[PDB]
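First comes the structure, then the notes that go with it.
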Amino acid sequence: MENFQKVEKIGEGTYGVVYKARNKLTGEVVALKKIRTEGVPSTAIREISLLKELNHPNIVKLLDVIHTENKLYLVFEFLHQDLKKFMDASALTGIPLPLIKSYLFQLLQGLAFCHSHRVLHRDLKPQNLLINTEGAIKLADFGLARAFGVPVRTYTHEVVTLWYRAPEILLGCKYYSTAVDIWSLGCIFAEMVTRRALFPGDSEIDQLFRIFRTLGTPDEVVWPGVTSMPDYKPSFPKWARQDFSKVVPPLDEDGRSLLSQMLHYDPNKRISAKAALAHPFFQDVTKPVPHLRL
Ligand SMILES: CCCCCCNc1cc(NCc2cccnc2)c(C(N)=O)cc1[N+](=O)[O-]
């Protein structure tokens, strides 16, 4: 490294290998993501560079975009743990409701900020939500999906998780809206509460059908235009909707109400991050300190 010193391999992210590294000059510790494949579209360089200006306390800071030796590296502020690991660690006892609420509230503030700046995440998942010892949680990888248009894979054949994908994406809609992020966050909220993924599909159709089996197969009444979507098939089985009381027990009615609005089928009916922040569920929100073992 011309200015870094690898501390260790943090993982093999969706867009390449990630290392924890120390800037030999500043001494700062950062996350360095090597971007995957053979060309690096200058279009992406400009778009990514724009994200360097997207600063908010609940968004992982993109410190630098390094395009040298015809390679692309993203330098991000470093956080010690992701929500997936934290949820697994809290599996026996569950994350306390006050902390679940604090995290959801913070994540919505982060989304409201990005969305007001016309930046979508598109691939939110527990592994992309980073936490620290202060009780903060931050969204990582905002805007990379668009800047890199197509997703595909990482670089070492890894199974893309579809668990948090909004139904309009699964039905082949080519135009994503801010609503896809609200859907993903709703799925994560449910998972924090129950300690089980809400819709753990293992294929695109299994993902879609798991959603239908829980929320009911969508129709023109609840989702105008759904039957004209690219991958919609009249042959889809028609399942009845289940009650949220059975989906995320023992979450209270304020929580079920908010989740239901985050999971509406019609992206246009789905609650916005700004509106969600005003939901009665957050009347008593606080910022607890999590028990983090690093
Ligand atoms: C099995 C762990 C999966 C990590 C995959 C890489 N995922 C990332 C994880 C991060 N930190 C949380 C963390 C997690 C584990 C160890 N140490 C720190 C960070 C960051 N900004 O600090 C960035 C990325 N990433 O995507 O650039």
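For the numbers below, each heavy atom of this structure counts, side chains included, while hydrogens, waters and symmetry mates do not. Numbering starts at 1 and runs along the sequence shown. Atoms within each ligand, like the ligands themselves, are counted from 1 in listed order.
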At what distance is the nearest protein heavy atom to [atom], and which residue and atom is it?
atom: atom 26 (O) of ligand 1; result: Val18 CG2, 3.8 Å
atom: atom 2 (C) of ligand 1; result: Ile10 O, 3.4 Å
atom: atom 10 (C) of ligand 1; result: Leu130 CD1, 3.8 Å
atom: atom 12 (C) of ligand 1; result: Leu79 O, 3.2 Å
atom: atom 23 (C) of ligand 1; result: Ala31 CB, 3.8 Å

Quick check on the 6.0 Å ring-centre criterion: do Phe281 and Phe189 meet it?
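Yes, they do, as the ring centres are separated by less than 6.0 Å.
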
Ligand 1 contact by [X], heavy-atom criterion under 4.0 angstrom:
X: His80; result: yes
X: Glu77; result: yes
X: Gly13; result: no

Establish, from distance only, whether the side-chain atoms of [X] and [Y] form a donor-acceptor pair under 3.5 Å.
X: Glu8; Y: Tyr19; result: no
X: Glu220; Y: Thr227; result: yes
X: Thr154; Y: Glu158; result: yes

Restricting to non-hydrogen atoms, name the atom on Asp202 and the atom on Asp206 that form the minimum distance, rounded to 0.1 Å.
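Looks like OD1-OD2, 2.8 Å.
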
For residues 39-47, dump all side-chain donor-acceptor pairs below 3.5 Å to protein atoms at least two apart in sequence or in another chain.
unit_1	atom_1	unit_2	atom_2	d
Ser42	OG	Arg46	NH1	3.3
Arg46	NH1	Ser42	O	3.0
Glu47	OE1	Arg146	NH1	3.1
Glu47	OE2	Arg146	NH1	3.4
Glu47	OE2	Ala147	N	2.8

